[PDB]
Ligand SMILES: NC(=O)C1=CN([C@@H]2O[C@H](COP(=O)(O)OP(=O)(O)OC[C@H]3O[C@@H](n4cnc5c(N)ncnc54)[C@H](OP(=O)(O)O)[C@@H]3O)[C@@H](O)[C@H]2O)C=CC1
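The chain below stands alone and is given as structure tokens, in the form solved without this ligand.
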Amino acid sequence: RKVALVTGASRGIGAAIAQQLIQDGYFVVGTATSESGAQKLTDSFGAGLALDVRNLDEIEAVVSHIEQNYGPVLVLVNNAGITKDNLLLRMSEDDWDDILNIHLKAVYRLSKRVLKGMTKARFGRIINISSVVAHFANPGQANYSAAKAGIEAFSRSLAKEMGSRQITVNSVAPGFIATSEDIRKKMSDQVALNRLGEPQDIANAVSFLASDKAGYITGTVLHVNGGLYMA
């Protein structure tokens, strides 16, 4: 069983991805911010670990541990949902740094860390979860938008570098995903499919990318937003 590591697995999009990767035949390590969260994950499967994506030493702890115990990480899903929206005039340095750290830096550190296993193995999937706001301006989301756009760019670069070693690096960019009724309808009017998304939709795409069926897809953003944004 190739092992797959899914950060932010406790709920929503992350939970759906970890479950789906189980069904796909992967042994799945899901992580959560606190130890309450990691044990549930242990239960939902039958391995969860607590990880703060902001800390380098924790990241080194978890990955080093997994390679000893289960096997080298061969599918890495970087998923994070935390937001700290504010208009720029009201957005603090801490508000900026936190979101940049949790979304973008974490992708750099974990992607850097797993390369070794993937390179030896002749096989690798790094799948980064971005968002449609990387491309759609929404106010109060300066920090979140920038982080997600940075992840997509990062993925393209990393895809060039590691392609020789048969490792694919892609981003999946969810649209309006479910998780005020008027706010909901205004979001819906924009989507061509005329509805909001569900985490299963993202899990389905990540599963595809994670499989042998997507061995020739790399350096791409796969959009899953029902026509909200086309490109």
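Position 1 is the first residue in the sequence shown; the rest follow in order.
Keep in mind that the form deposited with this ligand bound is missing from the display, and what follows is about it.
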| query | finding |
| --- | --- |
| Shown form pocket vs this ligand in the deposited bound form, superposition, backbone/C-beta distance 2.4 Å | blocked |
| Contact assignment for this ligand in the deposited bound form, among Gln39, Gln166, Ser64, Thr179, heavy atom within 4.5 Å | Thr179 |
| Contacting member of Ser34, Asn194, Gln200, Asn69, with respect to this ligand in the deposited bound form [4.5 Å, heavy atom] | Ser34 |
| is_contact(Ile129, this ligand) in the deposited bound form, heavy atom dist at most 4.5 Å | yes |
| Contact of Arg125 with this ligand in the deposited bound form (heavy atom, 4.5 Å) | no |
| In the deposited bound form, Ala80 touching this ligand (heavy atom, 4.5 Å) | yes |
| 4.5 Å heavy atom contact, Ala205 to this ligand in the deposited bound form | no |
| Heavy atom of each of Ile13, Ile102 and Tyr144 within 4.5 Å of this ligand in the deposited bound form | yes |
| Contact set, 34 to 64 vs this ligand in the deposited bound form - heavy atom within 4.5 angstroms | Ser34, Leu51, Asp52, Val53, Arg54 |
